[PDB]
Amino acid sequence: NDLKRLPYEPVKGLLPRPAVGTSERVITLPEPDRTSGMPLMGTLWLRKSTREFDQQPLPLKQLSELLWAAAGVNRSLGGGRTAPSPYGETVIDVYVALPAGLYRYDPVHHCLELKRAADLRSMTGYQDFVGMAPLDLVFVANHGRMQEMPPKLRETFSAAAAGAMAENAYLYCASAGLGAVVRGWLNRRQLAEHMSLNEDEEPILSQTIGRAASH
């Protein structure tokens, strides 16, 4: 029983796989829906972790709503977001590893901007028995926007903000019949290198998303 708590085996030597598809510079996303969908109370009942997935990609509508749920602008006045953040600073940027490329989600313009023309799915650097899925979200902390915050609270603020955003994604997945699993076992430096992140950018959590496997 305690054996589940043993630290996971590191995955050594993996390189980014070649991009599959057309690795477009910008992917424009459709406007997210505002009225309809499963009641919040229903989504809380069904909120769970999934580790085996079907490989079918999310339709563009679902990719859009997921990204908006996690990191989107919900108030035009001031660019308020669907999730909180310390001092209103955008401390977390959401990246998306798709088979066609690694993208950064831009909330103000609700689109994806190419960060790397490579498939960086399941590059957490640890064997946590989470299978291959259509996409991974990576919640990256931007230390450049945290310098007016007390240093000893930055990991708590980054992790809490990332947690809230990952929770919005979980709840969206539950509303839309999708599986999700947040993953904190990250070789942060290795993943930061694969993602071509700047020195002040640190991966905090990832989240593997897709339709749950058929059996």
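Position 1 is the first residue in the sequence shown; the rest follow in order.
Stretch comparison (169-177 versus 31-39) by mean CA B-factor in the PDB entry places 31-39 on top.
Between 116-124 and 86-94, it is 86-94 that carries the larger average Cα temperature factor according to the deposited entry. Annotation for residue 63: C-alpha temperature factor in the highest third relative to the rest of the modelled chain, per the entry. The deposited CA B-factor of residue 145 belongs to the highest third of values across its chain. Compared with the other modelled residues of the chain, the Cα B-factor recorded for residue 73 ranks in the lowest third. Looking at the C-alpha B-factors along this chain, the one for residue 156 belongs to the middle third. In the deposited entry, the Cα temperature factor of residue 19 places it in the highest third of its chain's modelled residues.
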